[PDB]
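Computation of the quantities below employed the complete heavy-atom set of this structure, encompassing side-chain atoms and omitting hydrogens, waters and symmetry-equivalent molecules. For ligands, and for the atoms within them, numbers begin at 1 and follow the listed sequence. Every chain is numbered from 1 and lettered A, B, ... according to where its sequence line falls, protein lines coming before strand lines.
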12 protein chains.
Amino acid sequence: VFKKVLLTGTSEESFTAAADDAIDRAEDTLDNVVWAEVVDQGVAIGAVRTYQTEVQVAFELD
Amino acid sequence: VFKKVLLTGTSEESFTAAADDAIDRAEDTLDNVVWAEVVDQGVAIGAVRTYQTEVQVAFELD
Amino acid sequence: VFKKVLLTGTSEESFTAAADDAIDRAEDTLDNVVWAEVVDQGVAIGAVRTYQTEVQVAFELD
Amino acid sequence: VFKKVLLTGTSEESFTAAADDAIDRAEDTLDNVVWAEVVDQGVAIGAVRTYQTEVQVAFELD
Amino acid sequence: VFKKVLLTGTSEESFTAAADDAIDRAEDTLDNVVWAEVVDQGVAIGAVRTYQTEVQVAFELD
Amino acid sequence: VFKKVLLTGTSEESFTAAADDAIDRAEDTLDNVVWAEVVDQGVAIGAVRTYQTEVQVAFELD
Amino acid sequence: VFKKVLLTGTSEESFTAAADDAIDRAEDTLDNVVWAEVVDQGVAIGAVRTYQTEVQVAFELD
Amino acid sequence: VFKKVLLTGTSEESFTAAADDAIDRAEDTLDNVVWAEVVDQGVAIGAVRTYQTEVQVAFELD
Amino acid sequence: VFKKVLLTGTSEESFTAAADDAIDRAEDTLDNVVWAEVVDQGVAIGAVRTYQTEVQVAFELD
Amino acid sequence: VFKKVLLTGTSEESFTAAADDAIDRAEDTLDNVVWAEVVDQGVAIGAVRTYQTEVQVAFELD
Amino acid sequence: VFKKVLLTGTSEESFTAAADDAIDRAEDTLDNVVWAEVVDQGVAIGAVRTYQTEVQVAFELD
Amino acid sequence: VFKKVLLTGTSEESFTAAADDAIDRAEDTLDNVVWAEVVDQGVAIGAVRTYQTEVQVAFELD
Ligand SMILES: Cc1cc2nc3c(=O)[nH]c(=O)nc-3n(CCNC(=O)OC[C@H]3O[C@@H](n4cnc5c(=O)[nH]c(N)nc54)C[C@@H]3O)c2cc1C
Ligand SMILES: Cc1cc2nc3c(=O)[nH]c(=O)nc-3n(CCNC(=O)OC[C@H]3O[C@@H](n4cnc5c(=O)[nH]c(N)nc54)C[C@@H]3O)c2cc1C
Ligand SMILES: Cc1cc2nc3c(=O)[nH]c(=O)nc-3n(CCNC(=O)OC[C@H]3O[C@@H](n4cnc5c(=O)[nH]c(N)nc54)C[C@@H]3O)c2cc1C
Ligand SMILES: Cc1cc2nc3c(=O)[nH]c(=O)nc-3n(CCNC(=O)OC[C@H]3O[C@@H](n4cnc5c(=O)[nH]c(N)nc54)C[C@@H]3O)c2cc1C
Ligand SMILES: Cc1cc2nc3c(=O)[nH]c(=O)nc-3n(CCNC(=O)OC[C@H]3O[C@@H](n4cnc5c(=O)[nH]c(N)nc54)C[C@@H]3O)c2cc1C
Ligand SMILES: Cc1cc2nc3c(=O)[nH]c(=O)nc-3n(CCNC(=O)OC[C@H]3O[C@@H](n4cnc5c(=O)[nH]c(N)nc54)C[C@@H]3O)c2cc1C
Ligand SMILES: Cc1cc2nc3c(=O)[nH]c(=O)nc-3n(CCNC(=O)OC[C@H]3O[C@@H](n4cnc5c(=O)[nH]c(N)nc54)C[C@@H]3O)c2cc1C
Ligand SMILES: Cc1cc2nc3c(=O)[nH]c(=O)nc-3n(CCNC(=O)OC[C@H]3O[C@@H](n4cnc5c(=O)[nH]c(N)nc54)C[C@@H]3O)c2cc1C
Ligand SMILES: Cc1cc2nc3c(=O)[nH]c(=O)nc-3n(CCNC(=O)OC[C@H]3O[C@@H](n4cnc5c(=O)[nH]c(N)nc54)C[C@@H]3O)c2cc1C
Ligand SMILES: Cc1cc2nc3c(=O)[nH]c(=O)nc-3n(CCNC(=O)OC[C@H]3O[C@@H](n4cnc5c(=O)[nH]c(N)nc54)C[C@@H]3O)c2cc1C
Ligand SMILES: Cc1cc2nc3c(=O)[nH]c(=O)nc-3n(CCNC(=O)OC[C@H]3O[C@@H](n4cnc5c(=O)[nH]c(N)nc54)C[C@@H]3O)c2cc1C
Ligand SMILES: Cc1cc2nc3c(=O)[nH]c(=O)nc-3n(CCNC(=O)OC[C@H]3O[C@@H](n4cnc5c(=O)[nH]c(N)nc54)C[C@@H]3O)c2cc1C
Ligand SMILES: [Cl-]
Ligand SMILES: [Cl-]
Ligand SMILES: [Cl-]
Ligand SMILES: [Cl-]
Ligand SMILES: [Mg+2]
Ligand SMILES: [Mg+2]
Ligand SMILES: [Mg+2]
Ligand SMILES: [Mg+2]
Ligand SMILES: [Mg+2]
Ligand SMILES: [Mg+2]
Ligand SMILES: [Mg+2]
Ligand SMILES: [Mg+2]
Ligand SMILES: [Mg+2]
Ligand SMILES: [Mg+2]
Ligand SMILES: [Mg+2]
Ligand SMILES: [Mg+2]
Ligand SMILES: [Mg+2]
Ligand SMILES: [Mg+2]
Ligand SMILES: [Mg+2]
Ligand SMILES: [Mg+2]
Ligand SMILES: [Mg+2]
Ligand SMILES: [Mg+2]
Ligand SMILES: [Mg+2]
Ligand SMILES: [Mg+2]
Ligand SMILES: [Mg+2]
Ligand SMILES: [Mg+2]
Ligand SMILES: [Mg+2]
Ligand SMILES: [Mg+2]
Ligand code: NA
Ligand code: NA
Ligand code: NA
Ligand code: NA
C-alpha cells in the first residue's frame with residue numbers, strides 16, 4: 001500500500017527546485033519515499049519571487 | 001514547506017460555518033495553519049440538514 | 001439504487017439558502033431524498049442579486 | 001458579446017458576502033454587469049479568518 | 001469532522017480487491033473508517049500484473 | 001435523441017456488479033437502454049463493505 | 001428552481017443542428033425550457049457520419 | 001507575452017458564428033489578435049435560439 | 001479492442017468541417033474507423049480564420 | 001522516454017478483465033510495456049453487456 | 001478585491017523563466033502584483049524551442 | 001491535419017529538460033514537429049531523482 005502526502009515546496013530559483021524542497025522534507029520524516037506527482041505550481045511575488053510546486057509525495061507503507 | 005490535510009467540516013447552519021468547523025479542528029491539533037481551499041460542498045439530508053464543506057487546510061511545517 | 005436529479009435552487013440571501021431551495025423542491029416531489037452535492041454556484045445580477053446553487057440531489061429508488 | 005473578469009472578493013463573514021464584494025467592485029467600474037460564476041472559494045486564516053470567493057463576472061459589451 | 005487519507009491499494013486479482021487492500025490498511029491503523037472514494041486506477045505490468053486503486057479513505061475524527 | 005439518467009448501483013461484491021445493479025434498475029423501468037458510462041466509484045464501509053458505482057445510463061427516446 | 005435533463009441530439013449536418021435536435025425534443029415534452037449547455041460532442045462514423053451534441057437542457061419548474 | 005480575454009460571442013445561426021462574433025469584437029478593439037480557444041458553448045432558448053460560444057482570445061502584447 | 005488517435009482537423013468554414021477534416025485523414029490511413037470524440041476547438045486568426053477541432057478518433061483493431 | 005497508446009479493452013465479465021484485454025493487445029504488438037492508467041469505463045448494453053475499460057498503456061521506447 | 005489577468009510568458013531557457021516573463025510584463029503595467037498561478041505549459045518547436053508558461057497573475061485592486 | 005503523440009521525457013536535471021527529452025525523441029522519428037503541450041509532471045525518487053514531464057507532441061501530417 002502507498003500513501004500520499006500533499007506538500008508545497010518553495011524555492012527562489014525554479015519550479016523544479018521547489019518540487020525538490022517538498023521531496024527533501026518528505027525524505028526527512030518518511031521512509032520509503034518512491035515518487036511525487038506535481039499537482040500545482042505558482043509564484044509568490046514579494047520582495048523576491050518564490051516559486052512554489054505542490055506535489056503528492058507517495059511512500060510505501062510498513 | 002506547506003502541508004495540506006483534507007478535512008470535511010459540518011454545520012446545521014451554512015457552508016461557511018461547515019468550512020469553519022474543519023478549520024477549527026485543524027487549529028486544535030496543528031500549529032501554523034495558514035489557509036484553506038474549498039474542494040467540495042454538500043448536504044446530508046436527514047431529520048435535519050447538515051451542510052458539509054470539504055477543505056484542504058494548509059499549514060507551515062516546522 | 002440511488003438516482004440523482006440536477007436542480008438549480010435560487011435565493012436572494014445566500015448560496016446555502018439557494019441549495020436549500022433546490023432540496024425543498026426535491027423533497028416536495030420525491031421520496032427518500034438522502035443527500036445533495038453542490039456542482040455549481042453563481043449570481044444573477046439584476047434589480048436584485050439572486051444567488052444560485054446547482055445541486056445533484058440523490059434519492060433512494062423504490 | 002459578453003466579457004468576463006476574474007475577481008476574488010473577500011469578507012470576514014461568509015462565502016456569499018465575499019462573492020458580493022467582488023460583484024460590488026465590478027459594478028463600481030463596469031456597466032451592464034449581468035452575472036457571476038463562482039470558480040473558487042477559500043479562507044485566509046490569520047488574526048481573523050477572511051473568506052474569499054473567486055468569481056468570473058460577466059458584463060455586456062457596448 | 002471527517003479526515004481523508006490518500007492510499008493506493010494493490011492486488012494481483014482486481015481493481016475491487018485493490019480498493020479493499022487500501023481500506024484494509026486504513027482499518028488497521030484508524031478508528032471510525034466510514035467510506036472510500038476511488039480517485040485513480042491502474043496496472044503495474046511486470047512478471048505479473050498488479051492492479052492498483054487509489055482511494056480517499058474518510059474517517060470520523062475523535 | 002438519447003437521454004441519460006444518473007444512477008448509483010450497489011453491490012457487496014465488486015465495482016462491476018455495482019454498475020450492473022444500476023443498469024438492472026434502468027432496464028426494469030426504461031425501454032431501449034443502450035449504454036452506461038462510469039462516473040464515480042466508492043465503498044460504504046460499515047458492518048460490510050458496499051461497493052458503489054455511479055453511471056450515466058443512456059437510453060434512446062421514443 | 002431549474003431542472004436539467006441530459007440529452008444527446010443527433011444530426012447528419014452539424015454539431016449546432018445536433019444541439020438543436022436535443023432542444024427540439026426537450027421542447028416537445030417540457031414546458032419553460034430556458035437554456036442548454038453543451039457538455040460533449042462527437043461523431044458516429046458509419047455509412048454516413050452522424051454528429052452528436054450532448055446538452056444539459058434547463059427548464060423552469062412549475 | 002500573450003494576453004487572453006474571456007469573451008462570449010452570440011449568433012442565431014451556429015456555434016462557429018458565435019465564436020466569430022467574439023473574435024470580431026476582439027479585433028475591433030485589440031491589436032495582434034492571434035488565436036482563440038473555445039471554453040464553453042450553449043444556447044439561450046427564447047423567442048429564438050441564440051447560440052453562444054465562449055472563447056479565450058489571445059493577443060500579443062506591445 | 002479499440003485504439004484512438006489524437007488528431008486536429010482544420011477548416012476555413014466551421015468547427016464541424018474541421019472535425020470532418022480529421023476524420024477524413026483517419027479514414028485515408030486506417031481501417032474500421034468507428035467514432036470520434038471532440039476534445040478541443042479553437043481558431044487560428046491570421047489572413048483568414050482557420051477553425052480547428054481536435055478529436056480522439058477510435059478505430060477497431062485487427 | 002515512455003510513449004502511451006490509448007486503448008479500449010472489452011470483456012463480458014468485468015472492468016478489470018476489460019483493462020486486461022487492452023493490455024493483452026498492447027503486449028502482442030509492443031515491447032517493454034510497463035504500466036496502464038485507467039481513463040474511462042463503461043458498458044455496452046445489448047444482447048449481452050460488454051464492459052469496457054479505456055487505458056493509457058505506457059511502454060518504454062527503444 | 002484581487003483581479004487576475006491571464007498571460008502567457010515565453011523563454012528560450014525554461015518553464016520557470018517563461019513564468020517570470022509574464023510576471024515581468026504584469027509588473028511593468030500593474031500595481032500591487034501579489035501572486036501567479038500556473039495554468040498551462042508548452043513549447044513552440046521551431047528554429048529554436050520557446051518554452052511557454054501561462055499564468056493567472058493576481059493583483060490587488062485600488 | 002495535426003497528430004499528437006503522448007510521450008514522457010525524463011531528466012536528472014529539471015522538468016524543462018525532461019520535456020526536451022520527449023521532444024528530442026519525437027524529432028528523431030517524426031517530421032514536422034511543431035509544438036508540445038505539458039500534460040503531467042512528476043519525479044521518480046530512487047538512488048537519484050528523475051524528473052519526468054509528459055507532453056502531447058503535435059506534428060503536421062504529410
Ligand atoms: C500559487 C499561489 C496562490 C495564492 N492564492 C491566494 C489566494 O487565493 N488568496 C490570497 O489572499 N492569497 C493567495 N496567495 C498569496 C500569498 N501571498 C503572497 O504570495 O504574497 C507575496 C508578496 O506580496 C505581499 N502581499 C501579501 N498579501 C498582499 C496583498 O493583499 N496586497 C499586496 N499589495 N501585497 C501582498 C507579501 C509578499 O511579500 C497565493 C500565492 C501563491 C503563490
Ligand atoms: C456530499 C455527500 C455525498 C454523499 N455521497 C454518498 C455516496 O456516494 N453514497 C452513499 O451511499 N451515500 C452518500 N452520502 C450519504 C451519507 N448519508 C446521508 O447523508 O444521510 C442523510 C440522512 O438520510 C438517512 N439515510 C442514510 N442512508 C440512507 C438510505 O440509503 N436511504 C434513506 N432513505 N435514508 C438514508 C440518514 C440521515 O438521517 C453522501 C452525503 C453527502 C452529504
Ligand atoms: C451562474 C449563471 C450563469 C449564466 N450564464 C449565462 C450564459 O452563459 N449566457 C447568457 O446569456 N446568460 C447567462 N446568465 C444570465 C441569466 N441572466 C441574468 O442573470 O440576468 C440578471 C439581470 O440582468 C438582466 N439581463 C439579462 N440579460 C441581459 C443582457 O444581455 N444585458 C444586460 N445589460 N442585462 C441583462 C435581467 C436580470 O435582471 C447566467 C446567469 C447565472 C446566474
Ligand atoms: C484560497 C487561498 C489559497 C492560497 N494559496 C497559497 C499558496 O498556494 N501559496 C502560498 O504561499 N500562500 C497561499 N495562500 C496564503 C495567503 N496567506 C494567508 O492566507 O495568510 C493568512 C494569515 O497567516 C499569516 N501568514 C502568511 N503567510 C504565512 C506563513 O508562511 N506561515 C505562517 N505561519 N503564517 C503566515 C498572515 C495572515 O495573517 C492562500 C490563501 C488562500 C485564502
Ligand atoms: C498507475 C501507474 C502509473 C505509473 N506512472 C508512472 C510514471 O509516471 N512514471 C514512471 O516512471 N513510472 C510510472 N509507473 C511505473 C511503476 N513501475 C511499474 O509499474 O513496473 C512494472 C514492471 O515493469 C518493470 N519496469 C519498471 N520500470 C521499467 C522501465 O522503465 N522499463 C521497463 N522495460 N520495465 C520497467 C518492473 C515491473 O516488473 C506507473 C505505474 C502505474 C501502475
Ligand atoms: C462514495 C461515497 C461518498 C460518500 N460521501 C460522503 C460525504 O461526503 N459526507 C458524508 O457524511 N458521508 C458520505 N458518505 C457516507 C455514507 N455513509 C456510509 O458509507 O456509512 C458506512 C457505514 O458507517 C456507518 N456510518 C455512517 N455515518 C457514520 C459516521 O459519521 N461515523 C461513523 N463512525 N460511522 C458512520 C454506517 C454504515 O454502516 C459517502 C459514502 C460513499 C460510499
Ligand atoms: C461520441 C461517441 C462516443 C462513443 N463511445 C463509444 C464507446 O466508448 N464504446 C463503444 O463501443 N462505442 C462507442 N461509440 C460507438 C457507437 N457506434 C458507432 O458510432 O458506430 C458508427 C458506425 O460503425 C458501425 N460500428 C459499430 N460498432 C462497430 C465496431 O465495433 N466495429 C466496426 N468496424 N464498426 C462498428 C455501425 C455504425 O454504422 C461512440 C460513438 C460516439 C459518437
Ligand atoms: C450557456 C447558458 C448558461 C446559462 N446559465 C444560467 C444559469 O446558471 N442561471 C440562470 O438563471 N440562467 C442561466 N442562463 C439563462 C439566460 N437566459 C436565457 O437564456 O433565456 C432565454 C429565453 O428565456 C426567457 N427566460 C429568461 N429567464 C427565464 C426563466 O427563469 N423562466 C422562463 N420560463 N423563461 C426565461 C428569456 C429568453 O427569451 C444560461 C443561458 C445560457 C445560454
Ligand atoms: C487552439 C489554438 C491554440 C493555440 N495555442 C498557442 C499557444 O499556446 N502558444 C502559441 O505561441 N501559439 C498558440 N497558437 C498559435 C498558432 N498560431 C496562429 O494561430 O497564428 C494565426 C495567425 O497569426 C500569425 N501569428 C502567428 N504567431 C504570431 C504572433 O506571435 N504574433 C502575431 N501578431 N501574429 C502571429 C500567423 C497566422 O497568420 C494557438 C492556435 C490555436 C488555433
Ligand atoms: C462507454 C460507452 C459510451 C458510448 N457513447 C456513445 C455515444 O456518445 N453516442 C452513441 O451513439 N453511442 C455511444 N455508445 C454506444 C455504442 N453502442 C452500444 O453500446 O450498443 C449496445 C447494444 O445496443 C444496440 N444499439 C446500438 N445503437 C442503438 C440505438 O441507437 N438504439 C437502440 N435501441 N439500440 C442500439 C446494439 C448493441 O447490441 C457508447 C457505448 C459505451 C460502452
Ligand atoms: C502550447 C502550445 C499550443 C499550441 N496549440 C496550437 C493549436 O492548437 N493549433 C495550432 O495551429 N497551433 C498551435 N500551436 C502552434 C504555434 N506555432 C508554433 O509553435 O510553431 C513553432 C515553429 O513551427 C513553425 N510552424 C508553425 N506552424 C506550422 C505548421 O503548421 N507546420 C509546420 N511544419 N511548421 C509550423 C513556425 C515555428 O518556427 C501551439 C503552440 C504551443 C506552444
Ligand atoms: C509521476 C509518477 C507517477 C507514478 N505513479 C505510480 C503508480 O501509480 N503506481 C506505482 O506503483 N508506481 C508509480 N510510480 C513509481 C515508478 N517507480 C519509481 O519512481 O521508483 C523510484 C525508485 O524507487 C524504487 N522503487 C520502485 N518501486 C518501489 C516500491 O514499491 N517501494 C520502494 N521502497 N521503492 C521502490 C526504484 C527507484 O529507484 C510513479 C512514478 C512517477 C515519477
Ligand atoms: Cl489530497
Ligand atoms: Cl480566465
Ligand atoms: Cl448529470
Ligand atoms: Cl491521448
Ligand atoms: Mg537566488
Ligand atoms: Mg494551489
Ligand atoms: Mg440550527
Ligand atoms: Mg465529496
Ligand atoms: Mg432579502
Ligand atoms: Mg452552471
Ligand atoms: Mg465580523
Ligand atoms: Mg484559487
Ligand atoms: Mg492470483
Ligand atoms: Mg495515479
Ligand atoms: Mg457476499
Ligand atoms: Mg460520487
Ligand atoms: Mg445531409
Ligand atoms: Mg460523451
Ligand atoms: Mg437566422
Ligand atoms: Mg459557461
Ligand atoms: Mg471559405
Ligand atoms: Mg488544444
Ligand atoms: Mg460470460
Ligand atoms: Mg469514453
Ligand atoms: Mg539560450
Ligand atoms: Mg494553453
Ligand atoms: Mg546531474
Ligand atoms: Mg502521469
Ligand atoms: Na491528501
Ligand atoms: Na442528470
Ligand atoms: Na480571464
Ligand atoms: Na493519445
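Proximity of atom 9 (N) of ligand 11 to the protein is indicated by at least one non-hydrogen atom lying closer than 4.0 angstrom. For atom 32 (C) of ligand 11, a protein heavy-atom neighbour is present inside the 4.0 Å cut-off. At a distance under 4.0 Å, no protein heavy atom can be found next to atom 26 (C) of ligand 11.
The atom of C:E13 nearest to the Mg ion (ligand 21) is OE2, with the search restricted to N, O or S atoms.
Electrostatic pairing of L:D24 and K:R49 counts as a salt bridge here, judged by a charged N lying under 4.0 Å from a carboxylate O.
Neither the backbone nor the side chain of I:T10 has a heavy atom within less than 4.0 Å of ligand 11. Here K:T50 has no heavy atoms under 4.0 Å from ligand 11, in either its backbone or its side chain.
Of the protein's heavy atoms, L:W35 CZ3, 3.4 Å lies nearest to atom 12 (N) of ligand 11. Taking atom 38 (O) of ligand 11 as the reference point, the nearest protein heavy-atom neighbour is K:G46 CA, 3.2 Å. For atom 29 (C) of ligand 11, the closest heavy atom belonging to the protein is L:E60 OE1, 3.3 Å. K:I45 O, 3.5 Å is the protein heavy atom nearest to atom 23 (O) of ligand 11. The protein non-hydrogen atom at the shortest distance from atom 34 (N) of ligand 11 is L:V34 CG1, 3.2 Å.
A donor-acceptor pair under 3.5 Å links the side-chain atoms of J:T53 to the main chain of J:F15, judged by distance alone. With L:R25 contributing its side chain and J:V1 its backbone, the two residues share no donor-acceptor pair below 3.5 Å. For the pair L:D21 (side chain) and L:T10 (backbone), a donor-acceptor distance under 3.5 Å is present.
Per-residue contacts place K:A44 under 4.0 angstrom from the following atoms of ligand 11 (heavy atoms of the residue considered): 19 (O), 42 (C). For ligand 11, the atoms closer than 4.0 angstrom to any heavy atom of K:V43 are 42 (C). The contact set between ligand 11 and L:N32, taken as ligand atoms under 4.0 Å from a residue heavy atom, comprises 33 (N).
Residue C:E12 does not count as close to the Mg ion (ligand 21), with no N, O or S atom under 2.8 Å.
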Begin with the C-alpha distance, continue with both residues' side-chain angles, and end with the deciding distance and a verdict on side-chain contact (heavy atoms from CB on, under 4.5 Å) for H:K3 and K:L6.
CA-CA 6 Å; H:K3 183 174 174 175; K:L6 183 59; over 6 Å; no
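Within the model, atoms CG of L:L7 and NZ of J:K4 stand 10.5 Å from one another, a figure rounded to the nearest 0.5 Å. For the atom pair CZ of I:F59 and CH2 of I:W35, the computed distance is 11.0 Å after rounding to the nearest 0.5 Å. Taken to the nearest 0.5 Å, the CD atom of J:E37 stands 12.0 Å off from the CD atom of E:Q41. In this structure, the separation between CD on J:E54 and OG1 on J:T8 is 4.0 Å, given to the nearest 0.5 Å.
A donor atom on one side chain and an acceptor atom on the other are found under 3.5 Å apart for E:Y51 and J:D20.
Contact detail for I:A36 and G:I45: the closest heavy-atom pair is N-CD1, 3.8 Å.
Below 3.5 Å of separation, one finds an N or O of I:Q52 facing an N or O of ligand 11.
L:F2 counts as a contact of ligand 11, since one of its heavy atoms falls under 4.0 Å from the ligand.
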